[PDB]
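Below is one structure, written out as structure tokens, with a few remarks after it.
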Amino acid sequence: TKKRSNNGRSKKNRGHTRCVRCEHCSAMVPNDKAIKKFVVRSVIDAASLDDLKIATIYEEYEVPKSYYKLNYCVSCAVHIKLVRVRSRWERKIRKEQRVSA
Amino acid sequence: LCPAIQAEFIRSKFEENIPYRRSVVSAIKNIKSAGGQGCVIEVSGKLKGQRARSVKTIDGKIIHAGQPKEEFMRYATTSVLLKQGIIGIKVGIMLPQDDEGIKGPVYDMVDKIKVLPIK
Amino acid sequence: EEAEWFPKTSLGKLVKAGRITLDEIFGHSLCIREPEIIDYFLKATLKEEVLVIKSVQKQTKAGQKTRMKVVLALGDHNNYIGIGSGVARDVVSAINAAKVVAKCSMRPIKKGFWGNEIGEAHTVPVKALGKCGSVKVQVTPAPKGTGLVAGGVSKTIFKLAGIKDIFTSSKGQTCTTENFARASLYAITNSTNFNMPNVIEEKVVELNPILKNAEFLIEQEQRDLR
Amino acid sequence: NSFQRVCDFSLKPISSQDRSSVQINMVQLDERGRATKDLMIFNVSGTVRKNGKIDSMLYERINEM
Amino acid sequence: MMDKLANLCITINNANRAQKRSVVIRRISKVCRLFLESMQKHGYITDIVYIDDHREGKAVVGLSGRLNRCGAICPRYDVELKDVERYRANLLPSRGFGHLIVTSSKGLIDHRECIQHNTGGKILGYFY
Amino acid sequence: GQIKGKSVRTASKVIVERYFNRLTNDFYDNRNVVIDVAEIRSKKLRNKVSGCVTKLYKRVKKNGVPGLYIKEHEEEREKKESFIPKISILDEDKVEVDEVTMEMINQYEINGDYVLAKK
Amino acid sequence: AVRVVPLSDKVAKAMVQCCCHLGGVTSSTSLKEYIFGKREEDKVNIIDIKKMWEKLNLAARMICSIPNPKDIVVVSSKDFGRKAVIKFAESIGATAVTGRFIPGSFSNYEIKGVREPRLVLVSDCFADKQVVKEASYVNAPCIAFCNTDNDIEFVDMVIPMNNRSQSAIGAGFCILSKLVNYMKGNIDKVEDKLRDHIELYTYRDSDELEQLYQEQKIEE
RNA sequence: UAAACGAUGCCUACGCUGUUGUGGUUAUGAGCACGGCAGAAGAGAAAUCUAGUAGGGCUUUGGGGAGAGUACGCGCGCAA
Ligand SMILES: [Zn+2]
């Protein structure tokens with residue numbers, strides 16, 4: 001029986017879409033189906049900022065950040081616990097997740 | 001209110017070759033009609049074939065735990081010999097409360113609370 | 001040994017006091033929520049027939065738990081019919097339960113003539129259809145003196161409803177006795193409510209009898225209190 | 001008799017089984033806007049009630065009167 | 001394109017179910033007029049106005065509380081006077097009321113008038 | 001875990017509604033009253049009932065417990081209501097209000113000292 | 001036209017101060033007929049006064065039609081709107097329900113203390129949804145006060161008014177009480193007792209009542 | 001030749017509400033074409049709804065599992 005109204009993907013009014021590759025296992029997954037995750041990570045760890053304050057030559061310094069978008073296939077997303085199995089009424093709830101660091 | 005009588009009514013009916021169901025249903029009616037506030041009956045053995053089972057029936061109120069079981073509850077056990085083996089019978093009855101102390105205890109259970117009516 | 005009836009509901013007060021008739025009840029579409037109301041008027045006349053007994057099962061860790069399900073009809077051979085189902089550990093208990101449902105769902109059934117209006121009305125007025133689950137039943141009027149052309153279960157229902165001639169057709173899985181019984185009762189019911197050409201002129205209007213008798217009931221309020 | 005109840009808003013008979021049918025009663029205004037012993041009476045089916053359509057329909061008919 | 005006599009029927013059937021009292025019907029032909037005029041003679045509909053819009057045509061009609069159902073038959077079968085009662089028993093709910101309409105050399109007539117005039121014709125539609 | 005259990009809270013709630021005026025802020029008064037009125041067969045229970053009742057009586061006399069109607073405090077709340085507010089919208093006869101309301105005032109010709117909202 | 005007990009100037013003034021006419025921002029196809037324009041500054045919809053008086057009169061009329069007034073049941077399951085019901089019902093002889101309406105309490109005989117209704121009254125019927133639903137089982141009409149954001153299936157008489165402010169709730173109940181009494185001849189003019197009653201009904205915090213107590217006692 | 005799938009033929013009808021898009025036009029109130037979403041009422045064995053109402057027109061197509069989309073003949077293809 002049909003488990004989801006949208007077939008588990010975001011394609012509508014189209015024939016075909018570009019593929020992308022999974023970060024964890026390099027499998028091909030369609031772009032409109034892949035699980036997506038955003039990361040904004042400081043170059044320097046929080047446990048070093050108190051040393052940075054005496055190491056730097058400049059009057060003040062702003063740490064550089066690094067930015068990423070990651071893609072996962074279903075198997076990897078479930079195994080890494082980005083997503084979890086949910087009850088028949090919970091399946092319908094849609095909410096934006098946090099940006100990781 | 002005597003489980004030792006009722007169990008022998010049951011044992012009789014097995015030898016009379018009457019179904020356990022009909023026999024037990026009659027026993028429970030007699031126990032309840034005589035004023036017992038509940039009872040338990042179990043039959044166990046080679047009762048309907050080569051595979052043995054036990055069938056247990058409950059009606060009304062029965063107490064299992066603590067000192068209130070020693071004063072309100074009465075039990076009997078018997079067995080009947082048949083061509084295929086021995087069939088065992090257990091009967092338990094919970095006595096009614098009785099203010100003159102003949103049929104059961106004078107004082108009702110220790111955990112029951114009753115609040116008096118206002119004038 | 002018997003128990004006297006104290007009416008739980010407002011309409012119940014009126015029937016016991018003797019201020020109302022069974023046609024007035026049906027005519028105003030009043031709820032029935034006390035079986036005693038039907039007993040009061042029809043106890044001396046009601047017949048019943050058991051349509052089906054069957055055993056149902058629930059699987060558990062210990063094994064199958066099981067119960068008896070019974071379905072029956074109450075009716076008077078003149079005007080009234082109702083259908084009821086009950087489930088219990090015992091076939092007797094199940095019958096007691098089913099009877100309550102039946103009484104709380106009695107209906108009056110209208111009748112008519114195949115041709116001209118000579119003699120007494122004897123068939124359903126108009127060709128009609130009733131559906132329940134996968135089962136569909138259609139009833140058609142019939143000439144006087146044809147009898148009940150009807151299948152096993154539905155035949156009993158027409159007889160209790162006081163119908164003398166009918167033609168019937170059926171579609172679907174009629175082995176399911178509950179569906180076949182409910183569908184046929186809907187078919188006759190639908191025929192009684194058909195919008196006949198005369199209906200608009202036959203119309204009458206009245207105030208609801210519970211509003212009409214408010215004064216008496218207010219006395220009964222004070223009588224119970226005092 | 002048992003077969004003489006007809007719905008005012010939808011012009012069809014009401015069956016004995018319909019739990020959602022209701023009868024609405026209202027008094028008539030007196031001279032100088034007070035009350036009287038005479039009553040308006042309406043019989044209304046369940047079908048209109050499940051839809052929600054009764055609100056507007058009644059307002060229409062009090063105007064018709 | 002849809003058949004105009006079919007369109008007429010579905011338009012009034014749905015509006016009746018939705019408990020409306022009046023409708024506008026959007027494409028009209030000569031036999032559609034005669035069909036509506038038949039329903040007026042037997043008191044199934046009350047008021048008729050025709051709009052002369054120069055684009056086909058359209059009608060506005062008032063429904064009575066007496067109308068349960070109507071319908072067109074397609075195709076329009078030819079029938080002898082011997083055949084009409086077969087169709088009468090198939091379409092109508094009761095022997096006492098309702099109308100089956102037939103086209104003839106004497107206009108639209110009902111299944112009773114067929115006996116009076118002694119004529120078959122072609123089957124057109126029904127209402128009750 | 002020191003939770004009171006169902007019969008103890010039930011008897012507590014009933015006694016405060018049935019005999020409210022007889023009770024006080026004092027454990028020993030309350031223990032005397034439950035010793036007097038109740039059927040309770042062990043001091044172990046009535047120590048717990050009078051404990052909960054004197055725990056309620058503070059909260060109840062301190063402007064009420066929701067879910068616990070006492071006629072004495074329905075009267076106290078009627079006294080607090082009979083201590084009527086002397087605040088007034090009633091003297092605010094001069095007013096300013098929006099244009100849409102001023103046109104409703106016009107279309108129904110409503111007399112009074114209204115103004116357009118100066119805003 | 002509909003025969004309605006005449007408007008009087010102080011009454012008109014009263015309702016406007018009580019902010020009866022301030023609707024919400026949303027609207028519904030059922031309620032379009034009662035709106036007369038929208039605030040350019042605020043997007044708030046403004047209610048038509050003449051129509052408000054009409055349906056208020058219509059409600060009053062049918063309240064008079066039912067003998068033994070105890071059979072009228074008034075419900076309002078919220079603080080911020082509680083005390084109004086408690087006084088209002090006494091002014092007409094009706095019964096009332098105050099807390100949570102126990103579901104099944106009209107349907108089921110075993111739940112004690114609420115009478116079989118012959119007419120149900122509700123304020124702010126987003127709450128008390130159960131009451132509107134349950135009355136439908138027992139052939140009772142329903143009268144509700146309502147606002148443009150919300151819409152109901154089984155309500156027969158929808159009186160339009162603000163229901164989200166303690167100023168407003170008082171005004172509706174206070175006025176309707178008087179009309180019902182007037183229609184029966186229990187009072188001779190409606191302007192008789194404005195600021196007394198409309199204040200009595202109006203909700204107040206414990207914190208206010210402390211201040212008012214101290215004031216009153218100083219004055220005494 | 002494909003799980004060439006929204007597993008839902010093509011024209012043409014009659015049909016409840018709220019919300020959100022894309023492109024033009026606008027008495028600025030709205031419309032027309034192409035969509036998404038959330039209820040309702042009906043429907044259906046249910047799950048659910050491209051599935052509501054209906055003798056409108058025309059084509060394809062199924063008739064308990066298996067053997068079998070296999071044998072023989074024929075048509076296309078370099079073969080597969
Ligand atoms: Zn992967």
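A few notes on this one:
- Whether chain D is rounded, prolate or oblate, judged on the alpha carbon gyration tensor where a/c under 1.5 counts as rounded: prolate
- Summing +1 for each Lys or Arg and -1 for each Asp or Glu among the other residues whose beta-carbon sits under 14 angstrom from that of G:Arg204 gives -2.
- Taking label positions 7 Å along the Cα-Cβ direction at both G:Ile111 and F:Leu116, the computed distance is 5.4 nm, reported to one decimal.
- Environment charge at F:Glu103 (Cβ cut-off 13 Å; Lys +1, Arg +1, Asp -1, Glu -1): -2
- Secondary-structure-derived ellipticity at 222 nm for the protein assembly as shown, considering helices only, amounts to -9500 deg cm²/dmol, per-run term -39500 (n - 2.57) for DSSP H runs with n ≥ 4.
- Look at the dipole of chain F built from charges on Cβ: of F:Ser12, F:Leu68, F:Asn106, the Cα furthest out on the positive end belongs to F:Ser12.
- Considering only B:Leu95, B:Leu47, B:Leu81, the Gaussian network model of chain B with Cα springs below 10 Å gives its largest mean-square fluctuation to B:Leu81.
- Degrees between helix B:20-33 axis and first principal axis of chain B (Cα, 0 to 90, nearest 10): 20
- At most 14 other Cβ within 10 Å, DSSP loop - GluC sites (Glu not before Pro), the range F:63-95: F:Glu92
- Rounded to 5, the percent of DSSP beta bridges in chain G classed as antiparallel: 20
- Loop-resident sites, the range E:70-128, for GluC sites (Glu not before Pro), counting at most 11 other Cβ within 10 Å (DSSP): E:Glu80
- Shape of the protein assembly as shown, Cα gyration tensor, a/c cut at 1.5: rounded
- Low-density loop positions, trypsin sites (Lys or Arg not before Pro), the range F:7-116 - DSSP coil, at most 12 other Cβ in 10 Å: F:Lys62, F:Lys86, F:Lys94
- Overall form of chain C per C-alpha gyration tensor (a/c, 1.5; a/b vs b/c): oblate
- Between E:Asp53, E:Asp78, E:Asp110, the GNM of chain E built on Cα springs shorter than 10 angstrom shows E:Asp53 fluctuating the most.
- Net charge of Cβ neighbours under 12 Å - reference C:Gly27; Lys, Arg +1; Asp, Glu -1: -2
- Rounded to 10°, Cα long-axis angle of helix D:54-64 versus longest principal axis of chain D: 50
- Per-residue Cβ neighbour counts within 10 Å put C:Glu49, G:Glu153 in the sequence C:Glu49, G:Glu153, beginning with the fewest.
- Remark: chain C carries a charge dipole of roughly 1260 debye about the Cα centre, counting +1 on each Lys and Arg Cβ and -1 on each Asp and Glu Cβ.
- C:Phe6 paired with A:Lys65, simple spin-label distance in nm, labels 7 Å along Cα-to-beta-carbon: 7.4
- Across C:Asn208, C:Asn116, C:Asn190, mean-square fluctuation computed from a Gaussian network of chain C (C-alpha pairs under 10 Å connected) peaks at C:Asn116.
- Relative contact order (%) - chain G, alpha-carbon pairs under 8 angstrom, separation at least six: 22
Readers should treat all values here as calculations from the given coordinates under stated rules, not as data from a laboratory. In this analysis, Cβ positions are derived from the backbone assuming ideal geometry, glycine residues included, and neighbour counts consider all displayed protein chains.
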